[PDB]
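First up is the structure itself, then whatever we jot down about it.
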Amino acid sequence: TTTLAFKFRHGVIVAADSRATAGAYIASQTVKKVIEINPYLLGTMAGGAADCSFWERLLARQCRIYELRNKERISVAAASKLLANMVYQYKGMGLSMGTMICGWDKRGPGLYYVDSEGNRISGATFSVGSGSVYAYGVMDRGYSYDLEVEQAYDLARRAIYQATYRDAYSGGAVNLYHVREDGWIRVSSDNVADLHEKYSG
Amino acid sequence: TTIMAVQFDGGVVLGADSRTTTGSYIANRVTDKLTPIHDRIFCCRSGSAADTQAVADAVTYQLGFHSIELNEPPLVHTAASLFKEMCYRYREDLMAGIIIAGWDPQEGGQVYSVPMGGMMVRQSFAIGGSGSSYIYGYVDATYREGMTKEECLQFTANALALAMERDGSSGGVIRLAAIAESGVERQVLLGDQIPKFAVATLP
Amino acid sequence: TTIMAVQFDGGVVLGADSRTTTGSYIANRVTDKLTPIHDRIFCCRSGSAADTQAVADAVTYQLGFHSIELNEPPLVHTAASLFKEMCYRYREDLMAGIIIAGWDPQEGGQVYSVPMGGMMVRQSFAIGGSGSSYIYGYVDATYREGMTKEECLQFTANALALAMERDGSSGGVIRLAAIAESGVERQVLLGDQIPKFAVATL
Amino acid sequence: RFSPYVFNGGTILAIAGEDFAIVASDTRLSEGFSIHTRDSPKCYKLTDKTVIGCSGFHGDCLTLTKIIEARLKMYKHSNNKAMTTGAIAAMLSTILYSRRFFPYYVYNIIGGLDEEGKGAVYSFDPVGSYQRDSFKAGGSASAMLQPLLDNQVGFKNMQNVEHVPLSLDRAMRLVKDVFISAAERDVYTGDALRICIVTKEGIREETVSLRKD
Amino acid sequence: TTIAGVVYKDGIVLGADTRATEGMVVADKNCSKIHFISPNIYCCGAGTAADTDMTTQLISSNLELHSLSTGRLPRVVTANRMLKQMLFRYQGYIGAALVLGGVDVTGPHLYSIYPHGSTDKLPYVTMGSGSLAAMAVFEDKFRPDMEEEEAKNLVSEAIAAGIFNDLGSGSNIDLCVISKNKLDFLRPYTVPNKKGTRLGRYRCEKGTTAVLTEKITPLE
Amino acid sequence: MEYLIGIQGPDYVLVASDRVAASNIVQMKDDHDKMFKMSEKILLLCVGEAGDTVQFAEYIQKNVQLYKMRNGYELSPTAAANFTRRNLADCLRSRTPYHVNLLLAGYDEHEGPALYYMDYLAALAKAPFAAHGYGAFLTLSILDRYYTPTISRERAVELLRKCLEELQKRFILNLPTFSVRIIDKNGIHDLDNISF
Amino acid sequence: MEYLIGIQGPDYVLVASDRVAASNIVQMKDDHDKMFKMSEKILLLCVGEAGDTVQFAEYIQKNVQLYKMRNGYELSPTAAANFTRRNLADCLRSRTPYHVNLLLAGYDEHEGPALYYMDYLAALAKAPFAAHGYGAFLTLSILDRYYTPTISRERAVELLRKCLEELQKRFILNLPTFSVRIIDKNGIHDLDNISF
Amino acid sequence: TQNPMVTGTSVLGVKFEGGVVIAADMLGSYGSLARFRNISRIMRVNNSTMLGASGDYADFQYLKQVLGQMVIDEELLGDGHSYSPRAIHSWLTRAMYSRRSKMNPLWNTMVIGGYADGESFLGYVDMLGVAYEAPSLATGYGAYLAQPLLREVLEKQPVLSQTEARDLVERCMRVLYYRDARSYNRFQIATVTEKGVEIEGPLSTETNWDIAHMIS
Amino acid sequence: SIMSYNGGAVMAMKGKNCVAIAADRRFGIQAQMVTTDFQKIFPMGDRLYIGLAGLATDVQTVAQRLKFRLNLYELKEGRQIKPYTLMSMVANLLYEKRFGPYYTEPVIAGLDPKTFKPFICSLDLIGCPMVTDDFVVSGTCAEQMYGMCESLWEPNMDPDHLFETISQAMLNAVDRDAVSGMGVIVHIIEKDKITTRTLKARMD
Ligand SMILES: *[C@@](O)([C@H](CC(C)C)NC(=O)[C@H](CO)NC(=O)CCCCC(C)C)[C@@](C)(O)CO
Ligand SMILES: *[C@@](O)([C@H](CC(C)C)NC(=O)[C@H](CO)NC(=O)CCCCC(C)C)[C@@](C)(O)CO
Ligand SMILES: *[C@@](O)([C@H](CC(C)C)NC(=O)[C@H](CO)NC(=O)CCCCC(C)C)[C@@](C)(O)CO
Ligand SMILES: *[C@@](O)([C@H](CC(C)C)NC(=O)[C@H](CO)NC(=O)CCCCC(C)C)[C@@](C)(O)CO
Ligand SMILES: [Cl-]
Ligand SMILES: [Cl-]
Ligand SMILES: [Cl-]
Ligand SMILES: [Cl-]
Ligand SMILES: [Cl-]
Ligand SMILES: [Cl-]
Ligand SMILES: [Cl-]
Ligand SMILES: [Cl-]
Ligand SMILES: [Cl-]
Ligand SMILES: [Cl-]
Ligand SMILES: [Cl-]
Ligand SMILES: [Cl-]
Ligand SMILES: [Cl-]
Ligand SMILES: [Cl-]
Ligand SMILES: [Cl-]
Ligand SMILES: [Cl-]
Ligand SMILES: [Cl-]
Ligand SMILES: [Cl-]
Ligand SMILES: [Cl-]
Ligand SMILES: [K+]
Ligand SMILES: [K+]
Ligand SMILES: [K+]
Ligand SMILES: [Mg+2]
Ligand SMILES: [Mg+2]
Ligand SMILES: [Mg+2]
Ligand SMILES: [Mg+2]
Ligand SMILES: [Mg+2]
Ligand SMILES: [Mg+2]
Ligand SMILES: [Mg+2]
C-alpha cells in the first residue's frame, strides 16, 4: 500500500494505490482505499484491510450520530479524535492501521494522521503504507501550498506512481480525490500501466 | 508409592507401602496411605500427598453428610463416584491416582480404580502408584479367581514386597487392611515379616 | 522390546519378542532380535535398531578376526568386552541395551548385561528393553537357583509373554535360543504356543 | 500446545454474469495426508438468490454456516423480507470481525443476484475484509485458478481481442477447465466438482468427476 | 510416495507410484522410483528424491566395480550392506528409505532399508507416506509362494491403496518383476489416473502478446 | 526521538522541547508541540510511547482544569506534580500503565518557580534543571558546567542554546527545531523557536 | 547510518557518500570518507559492519593494485566488480563472511562509465543509478523521477543535491555533510563537499 | 483435557443394508502400557443410535454421563419424539466445537452409527468439531490401515449385507492388531438395525504368524 | 523464506522441434526493486540455455561455476554438451553442496546439438532432476505458473504458438506475485535460429 494526502490553497488532495496482498500473493488490484465518511470527509486505509474497513466504517457511524445529535457537521479534529480514542484501547493486540482523516471544516482544510500505535497528528502532508518512503521523496520535491489545482493532481498521481514502481507491495491504479469547501470530488482513476506509458524523466 | 486392593467373596483387602518422597529424600518412612472414608470404605492414595489428602478430606465430608441424610451406610460405588467427580473436574490441577475399596450390604466387596485423569472402573483387583509398573507381570501370573481372604492378604503382601524391593520410590513397611461386613482389620508387616525373595547371586 | 537370558549348568537360554516400532506403528512384527556373534555366542538387542545392528556387525568382525588369530573359540567374556568397549566409547551417540550370552570351554554358560551407558556385569539371568519394567517382580519371585535347561526355557517364555501382554512396545512372537557345548537350538513360540494367563474379568 | 485449528482443504470459485452467478467447489475433505471423505461440498444455499462457498478449517465452516442461517431467519422475522445478497455480505463482514482475536479460519465467497437481477460476487478474508468482484477464486488452489481467470474473463495481457460479455456456456467451460487443471497439481483438490448456477429461475446444480488420487 | 515389494514363488515383485511433491503441490506426475542396482537387483526409493537417486546410483556403481572384479553376479546381501553402512555413517541425514529386491545364487531376497541404517529382511515390505495403506493390503491378502500373476496383482493393489488414500501418492503404478530367468521392468504397469479434458480452446493467435523488443540470431 | 529540557532561575522557569514526530526512518511532522498548558502558570512536557503520551497528558490537563472550575482557584505546581505522580504510580501495576516521561514547570505566587522531573515509573524529583531523552546524555553536563541558581533569563536562553547546538554537533538524530517557553509571575510566554 | 549514491551519465559517473562515523547515540567523526581508490578510474564505496568494511575494501584495493603491478595495465571496472563479487560470494558460506554493501564506479577507455551495485549476499547488478542505506528509501524515487540517461554532470550534481536535501528534511538521522566525486576519461576528481 | 491420560485407539464403522456396524477394542492404554484391558468404548445412546470413542477415556465417560442423562430427560416427556442419530451427531458436533473454542477440548474422536426411518446413519466428530458423514469411517490408525480396505470393498460393491460388513470389520480389526502398537486382541462389535442396538463381545481375531519362519 | 528474498520466476516449454525459456526481469531485495534488467537465463551452447530463480547471488554463482565446468568439458571432449548431460553436470554440482546448498532451482531448455530433439528439465536445490515433455516452472509464483501452463499448453506447437503460450503463461502468473515481474524476457530456440523478445508488461 501507498497512500498520500496534502493540504494546499485549494483544499486537500488524497490519493492511493489499489493493491491488496496476502504475503507475496496479489489478492486484488482493485481495492478502494479512500473511504467516504460523509460528503466533506474522507478516510484513507493502509495496514490490515479488515481493520481499516471496520474501524473507519465505525467512525462513519459515529460521525453521523454526532450530526443528528448536535445539528452540525463534525470537525476534522473531532472525527480524528473519535478514531484515535476507539483504537487506543486495543494497543498491543495486533491491530494494524494507518489512516489519514481529510476534510474541510470551520478551520479550513484539515488533515490528520491516525494509527493503531496511538499516534494522532495534524500536518500539511503525509504518506502512509509500505510505499510511503518512495511517495515522500517525490511529493516533498514538488509540494507547495500555492500549487495550482491541476499541478496538485499531477504531483499526487506521480508520487503514488513512483511508489508503485519501487515497492513490490503497491500497484494497480492511482485513485485521486480532492476535498473542496463544498465537498470532496472523485478526480480520477488511472491504471499504473497507462501512467507508465505517459511518464516522464 | 505402590498401592493395591483385591476383591474376595465377602470383602476386600487393601495394601500400600509407607514411603513419602521429595526427589530422592524420604520425608516420611512410615506414611499411612490407606485412609478411611467411611466405616467400611477406604481409599489408597498415590501421587501428590497434598492433593490426595485434600480430596480424601473433601469426599469424607460429602459422603458423611450424604449418609446421615439417607440414614443408611453408603455404597462403595457412591464413594468412588464422588472421588471421580472431583478428580475428573480438577484433573488439570491434581496429581492423584486413587483406589477406592470397601464393603456395603447391597454389592458386597468392591474395588474401583480412579487413575490420573479421573476415569473410574470396577476391577477384581487394582494396582497403582509408580511402583506398580514392576508388578504387572507378577499379579497377572499369580491372580486366581476365587481367592480367600487369607490368600488375598498373602497375594497383596507379596506383590507389594516385590515392588518395594525394585522401586526406589516405594518402601518402608507394608500396611494392610481387610474390610468385610464384620468390620475393618488393620495390620503392619515390618522388617522380617515382609516377604523375602533372594537376589540371584552368581552360581 | 523385551529381551532376556538365563544361565543353566552347561549353557544359556536367550529370548526376545519380535516387535520393531516407530512411535506406535509396527514396522516389523516378526523381528529377529537374537543375533549370532560367533558359533556359541549371541547377543539380544534392544534400543535403536540401526545402532544395535551396526554394533553387532562390528563386534562379529572383530571377534571373528581375533578367533582366527588365536586359533581357538572365543570367550564369552571377550565378546561382552568388545560390546562394552564400543557401547561405552560411543555412549553419547548410541541407544543400545544389549545382553551377551553364550558358551565357551573355559567358563561354560555365561550371561552379561551391557545396558545403556556401556557398563558390563555378569548375571545369573538378565532382562532388558522397555518391556522388562513389567516383569521385574515376576522374575524376582520365580527365579530358582539350579534350574534345568527346560525350566529356563519355560521361565523365559513365561516372562516374555507377560511383558508382551502389558507393553505396547513389545509383541508378536517369542524367539528362543538355547546354547551349550553341543550347539545352538532355536525355536519360535507363536499364537497358541505363547503362554496364556487370563484377563481378570468380574 | 493443543491447536484449535486444522486445515481441511477445499477450493472455491465464483463468477458474476450479466444475469447469473456461478459458485463452484471441489468435494474433497482432507486432513494431513488423508482423505476424510470424497463427498463434502463447500457450497451452501442461503436464499433463492444467494449461495456461499466456504473452505479452510471445517469445524469453523460448519459453525459459521449455521450462524449465517440463524441470522437470515432473525433478519426475516424482524424486517419482513429476505436478506439481499449485498446485505448478507455486509453482515458476514461483521460476524467475521467479531472473532478478530480468535478468527474463523474460513475463506468465503458469496455468489448471487443483486437487486437489479445481475450477478454479484463478494469475496472475504478470514476476519471480514471484503469487496465486490467480477470473479474470484479462493481456498487451497486459488493461486492456480486466479491467473487463468484474470486472462480469460478479464482479458488481461491480451491485445486485439474483443471484450465481449461472458456467456453462461463459456463461464461453465472455464470453471470445469480450471478445476481440472488444479486437480493435476494441488494435492487437496479432487474427487468431484460441484457447480451451482444462480439465475432468476432458481438454483441448479451440476456435478463433474475429478481425479481421485 | 508408496513403494512396496513382495517375495513370490520364483522371485521378487517391486512396486511404486509416480508422484513427486514439493510441499503440497505435485512437481512430477511421472517420476521413476524403481532404480537399477544391477541386472538382477532393483531398489524402490522413498523420502528425499536427490538422496534416493544419488544413494542408489553410488551403490550401483560400486557394485558394478565389485562384479567386474569378481566376474560373478552380485548378491542382494552385498547391496544391503553397502547401503546400510553408508546410511549409518550419515546418521539419518541422508533421507533415503529403500525397498531392495533381487535374485542371486541363493535365490530371492527382499529388504527394507531405513535412513538411519537399519534393515529388515522380510517377505513383504512397504515404505513412503502411503505405506500403511499398502501394508493393509499385504496383511489382508499376502500368501507365501504366490504365482507371478497373483503377486503382480497384489503389489499393484497395494500401490493403488496408497495412490487413492495418501495425498502424497499418485499417478501411475510401476512394477519390476525379477526371477532367475527374467527381468520385467513394467513402467507404467497401470495408469489409473488421467487428466480430464479441456472444454474451451485458448489458442492465442500471433500478435495477441505485445512485444517491446525482438532480436533474431541465425545459427549454423 | 524526543528531547525535553528545563532550567529554573530565581523567578522563572524556562523550558524547551523538540518539534519532531517520527515514525520508523521518517520525520512525519517538524512543528510538533510537546507542551500542555495545565493552568495559567503550569506547563506539562510529555514524551514516551505513542498514544500513552497524549492520553495521559490530556487526562491530567482536564482534571487540573476541572479543579479550577470546582474550586475558583488553581492547583499549585507542587500539588499538580503530586497529582500527576499519584495517577502514574496508581496505573503502574494496573492493566493500563502509561509509558511516559515528564517535566512539570510552574510558577507559584508564594513558592516561586518550580521544575519537576518524572520518569515512567513515577519517581518524582524537584530539580534546578533537568532533561529527558537520549539528548539528555549530551546536555546535562553542559548544564552542570554553566548553571548557577541566580542565572538570569537572558543567560538561561544562551545556556539552552549551547545545549541545543551540542545536539546538532554530536547527536545522531536530526532534531532541527525546538519550542521554547518561559513561565513567571505573569504566566506563560512563547519565545522564538530555536532553529537550525 | 551510512548513505551511498551513484549516478552514471553518458561519459562520467558521479558518486557521493555521507561523512559520519557513528557509535550508539553520537557522531564520532563528521569528516569520514567511505570511498576507496582502486585504480586511476575506479572507486569502491563501502558500508556495513565495523571492521568488515575496511578489511574487505582494503583487501580488494591491494589486489587491484597488485594486478596493475604484475601486468602493466589496470583491471577494467567490470573485471574489478566481478573480482569483488567472487571474493564476497566465496566468503559468504565460510568462517569469515564480510557484512558489507557496496557501489563500484568506474570509467573504461572502451566501454565508458559504469556503476555497479552489490549487497552483502554478493548479488551484482549494473545500474544507471543506485543507492545504499536507509536513506536510499527516501531518495531512489527522486532519482526515478528526474534521471535521464543523457543527464549532464551539472544536472547530476543538482539531482544529487535534491536527494541530499530530502534526507535533511525527511530522514530521522543527522547526516549533515557528504563527499562528492566524479570519474571520467581523465580519472577521479574531488568536488566540493555538499554540506548543511 | 490438555493432556490425555488413559486412551483408546481406533474405532471403525460401516453401513450395510438395514443397519450400521461399529467396532472397537476393549483397551485403555496409559502411554504404551496396556493398563485397563476390559473396558467398553462403545455406548448405546438410544434405540436407534450408538457411539464409539477413541482418545481420552475419562472424557468419553463424561460424554456418556451427559448424553445418557439427555436421553433419559427426553424419555420422561413421553411425547412421541426421539433424538434421531443425525440429531445426536449434531449435538456432539456443537459440544466438541464449543469445548475447542474455550481451549479446553474433550480429547476424543467419535463414530456415531444409527438406523432410523429406513436409512443407515454413519457420522464422525473430532475434538475440534470437524464432522461429516460417510459410508465407512475409521479413527486413529484405522484411518491409515482400515479405511483403505473399507473403501476399496465399497467401490466394487457399495451395498453390503450385514454378514459381508461384519466379515470386513473382522479383517480390519486383524490388520490393526498386527500394526498398531496400542491395539489389543479383545474387541466388541455393535450393530444397529430396525430391531435396536446389540453389543457383542468380548471377541478375538485369529492371527497368522507364518511370516516368522520366512526371514526370506 | 530464503528463496523469496529476491523473488523471481523462470519457466520452460516444449513445442514441435523448438523450445522456449522465459524469465521475469526484476532484481529486488524484499519489497525494494533495485533493477529491472537482471539476467536469469544463460547460454550454455548455441541451442541450450539454463534459467535460474532463487537467491540472486546463487543464480550468478551457479551460472558462473557451471560455465567453468562446461567449458572444460567441451575443450576436453570433442564436442558440444548434450542437454541430458548438462542436467547431470548441474545435478552433480548442486548435490556436492547437499549439506549447505545453493538456493536456486534451475530449468534447462535446449535442442540436442546433433539430432535437434527438444529437451526440458528442472532440478531442485540439491540437484534432483526432473525431465518432462511439456513444461517446467521454478520460482516464487510456481502455483500461478502451474495453473497457466496446465490450462494453456498443448502438444506439438509451432514456434509462433509456443511463443504466445509461454508469454501468456508468464505474464498472467507474475501479475499475481508481488515480488516477480517488472518485465519478461523470452527466448525461442529453433534448429536454425534463436529469437529473443522482451514483452510489454506491468511495471508494478
Ligand atoms: C496495503 O497496506 C493494503 C491496504 C488494505 C486496505 C487493502 N493492505 C493489505 O493488502 C493487507 C496487507 O497485509 N492484506 C490484507 O489485509 C489481507 C488480504 C486483503 C483482502 C482483499 C480482498 C482486500 C499494502 C501495502 O499492504 C498492500 O500490499
Ligand atoms: C507415592 O505416590 C506417594 C503417595 C503420597 C500420597 C504419600 N507420593 C509421594 O510421596 C509424593 C510423590 O512426590 N510426594 C509428595 O507429595 C511430597 C510431599 C512433600 C513434603 C516435602 C518433602 C516437600 C510415591 C510412589 O510417589 C512415593 O515415592
Ligand atoms: C525394542 O527396543 C526394539 C529393538 C530393535 C533392536 C528392534 N526397538 C525398536 O523397535 C526401535 C525404537 O525403539 N525402533 C527403531 O529403531 C526404528 C527402526 C525403523 C525406523 C523407521 C520405521 C522410521 C522396542 C521395545 O523399542 C520395540 O518397541
Ligand atoms: C515420496 O517419498 C517421494 C519420493 C521421491 C523419490 C520422488 N518424495 C518426494 O517427492 C519428496 C517428498 O518431500 N520431495 C522431494 O524430495 C523434493 C524434490 C521433488 C521435485 C522433483 C525435482 C523430484 C513422497 C510420498 O514423499 C511423494 O509425496
Ligand atoms: Cl480501483
Ligand atoms: Cl455523538
Ligand atoms: Cl498535531
Ligand atoms: Cl502498509
Ligand atoms: Cl508532477
Ligand atoms: Cl520408606
Ligand atoms: Cl500422606
Ligand atoms: Cl494413575
Ligand atoms: Cl495410580
Ligand atoms: Cl505415584
Ligand atoms: Cl533389528
Ligand atoms: Cl538399558
Ligand atoms: Cl536393556
Ligand atoms: Cl527398549
Ligand atoms: Cl509385533
Ligand atoms: Cl546385512
Ligand atoms: Cl479393565
Ligand atoms: Cl452402553
Ligand atoms: Cl565449482
Ligand atoms: K525401595
Ligand atoms: K504388546
Ligand atoms: K489433486
Ligand atoms: Mg497443585
Ligand atoms: Mg493420492
Ligand atoms: Mg544415531
Ligand atoms: Mg499499553
Ligand atoms: Mg564476522
Ligand atoms: Mg508481479
Ligand atoms: Mg509495485
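By convention here, the chains of the C-alpha cells are called A, B, ... in the order presented, each chain's residues are numbered starting at 1, and ligands are numbered starting at 1 in the order presented.
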| task | Find the residues near ligand 31. Use a cut-off of 9 Å, count only C-alpha atoms and all ligand atoms, and write them as a ChimeraX atom specification. | result | /G:49,51-52,95-99
| request: Produce as a ChimeraX atom specification the set of residues near ligand 10, where near means within 12 Å with only C-alpha atoms and all ligand atoms considered. | output: /B:1-2,16-22,24-33,164-165,167-175,190-191
| task | Considering only C-alpha atoms, return as a PyMOL selection string whatever protein or nucleic-acid residues lie within 10 Å of residue 95 in chain B, sequence-local ones (same chain, fewer than 6 positions apart) excluded. | result | chain B and resi 46-52+87+115-117
Keeping only C-alpha atoms, write the selected residues as a PDB file, in the first residue's frame.
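Once written, result_21.pdb looks like this:
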```pdb
ATOM      1  CA  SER B  46      -0.823 -42.267  45.260  1.00  0.00           C
ATOM      2  CA  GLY B  47       0.605 -39.150  43.581  1.00  0.00           C
ATOM      3  CA  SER B  48       0.699 -35.820  45.376  1.00  0.00           C
ATOM      4  CA  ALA B  49       0.372 -36.089  49.172  1.00  0.00           C
ATOM      5  CA  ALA B  50      -1.223 -32.598  49.350  1.00  0.00           C
ATOM      6  CA  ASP B  51      -3.741 -33.342  46.596  1.00  0.00           C
ATOM      7  CA  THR B  52      -4.790 -36.792  47.761  1.00  0.00           C
ATOM      8  CA  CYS B  87     -10.548 -35.989  40.190  1.00  0.00           C
ATOM      9  CA  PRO B 115      -6.397 -43.192  37.943  1.00  0.00           C
ATOM     10  CA  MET B 116      -4.998 -39.843  36.974  1.00  0.00           C
ATOM     11  CA  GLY B 117      -7.353 -38.056  34.651  1.00  0.00           C
TER      12      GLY B 117
END
```
Within 9 Å of chain H, which residues of chain C are there when counting only C-alpha atoms? Please give them as a short mmCIF file (atom, residue, chain, number, x, y, z; two decimals) with C-alpha atoms, in the first residue's frame.
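Okay, this is what ended up in result-v4.cif:
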```
data_model
loop_
_atom_site.label_atom_id
_atom_site.label_comp_id
_atom_site.auth_asym_id
_atom_site.auth_seq_id
_atom_site.Cartn_x
_atom_site.Cartn_y
_atom_site.Cartn_z
CA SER C 18 9.65 -59.72 17.78
CA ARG C 19 8.34 -56.17 17.54
CA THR C 21 8.20 -49.85 16.33
CA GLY C 23 6.16 -44.36 17.53
CA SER C 24 3.19 -46.69 17.78
CA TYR C 25 3.40 -48.14 14.22
CA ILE C 26 4.75 -51.70 14.00
CA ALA C 27 7.36 -51.63 11.20
CA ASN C 28 8.24 -55.34 11.66
CA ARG C 29 6.04 -57.78 13.61
CA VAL C 30 8.49 -60.75 13.35
CA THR C 31 11.92 -59.14 14.05
CA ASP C 32 14.80 -61.44 14.99
CA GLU C 165 0.76 -58.64 27.11
CA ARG C 166 1.34 -55.38 29.05
CA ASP C 167 3.94 -53.45 26.96
CA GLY C 168 2.50 -51.83 23.82
CA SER C 169 6.11 -51.63 22.61
CA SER C 170 6.68 -55.40 22.73
CA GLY C 171 4.88 -58.25 20.96
CA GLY C 172 4.45 -60.62 18.06
CA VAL C 173 6.24 -64.00 18.52
CA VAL C 188 9.65 -69.75 17.80
CA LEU C 190 3.60 -68.27 18.14
CA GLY C 191 -0.12 -67.79 18.58
CA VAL C 199 -7.62 -61.11 31.80
CA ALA C 200 -9.10 -60.83 35.32
CA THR C 201 -12.84 -60.27 34.38
#
```
| Which of these residues is nearest to ligand 4, using only C-alpha atoms and all ligand atoms: I:36, I:132, I:71, I:1? | I:132
| Could you name the residues that touch residue 137 in chain A at 8 Å or less, counting only C-alpha atoms, but leaving out those on the same chain fewer than 3 positions away, as number ranges by chain? | A: 133-134, 140-141, 159; G: 138-139, 141-142, 166
| query | When DSSP works through the backbone of this structure, what residues of range 11-185 of chain F end up as alpha helix (DSSP H), shown as number ranges by chain? | reply | F: 52-71, 77-91, 136-146, 153-170
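Between chain E and the residues I:179, I:94, I:52, I:3, the shortest atom-to-atom distance, using only C-alpha atoms, involves I:94.
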Within 7 Å of ligand 3 (counting only C-alpha atoms and all ligand atoms), which residues show up? I'd like them as a PDB file with C-alpha atoms, in the first residue's frame.
```
ATOM      1  CA  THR C   1      11.240 -54.653  23.123  1.00  0.00           C
ATOM      2  CA  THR C   2      11.712 -57.236  25.815  1.00  0.00           C
ATOM      3  CA  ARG C  19       8.345 -56.171  17.541  1.00  0.00           C
ATOM      4  CA  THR C  20      10.029 -53.181  15.835  1.00  0.00           C
ATOM      5  CA  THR C  21       8.204 -49.850  16.333  1.00  0.00           C
ATOM      6  CA  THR C  22       8.354 -46.267  15.080  1.00  0.00           C
ATOM      7  CA  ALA C  27       7.360 -51.629  11.198  1.00  0.00           C
ATOM      8  CA  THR C  31      11.916 -59.136  14.047  1.00  0.00           C
ATOM      9  CA  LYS C  33      16.499 -59.714  17.975  1.00  0.00           C
ATOM     10  CA  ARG C  45      19.338 -56.380  21.081  1.00  0.00           C
ATOM     11  CA  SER C  46      17.198 -53.532  22.422  1.00  0.00           C
ATOM     12  CA  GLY C  47      17.037 -49.756  21.744  1.00  0.00           C
ATOM     13  CA  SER C  48      17.808 -48.372  18.267  1.00  0.00           C
ATOM     14  CA  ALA C  49      17.606 -50.956  15.505  1.00  0.00           C
ATOM     15  CA  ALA C  50      20.215 -49.055  13.439  1.00  0.00           C
ATOM     16  CA  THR C  52      22.408 -52.314  17.608  1.00  0.00           C
ATOM     17  CA  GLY C 129      14.374 -53.413  26.857  1.00  0.00           C
ATOM     18  CA  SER C 130      11.424 -51.239  27.723  1.00  0.00           C
ATOM     19  CA  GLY C 131       9.063 -54.197  28.411  1.00  0.00           C
ATOM     20  CA  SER C 169       6.106 -51.627  22.607  1.00  0.00           C
ATOM     21  CA  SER C 170       6.678 -55.399  22.733  1.00  0.00           C
TER      22      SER C 170
ATOM     23  CA  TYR E 114      15.824 -47.051   6.623  1.00  0.00           C
ATOM     24  CA  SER E 118      18.516 -50.302   9.982  1.00  0.00           C
TER      25      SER E 118
END
```
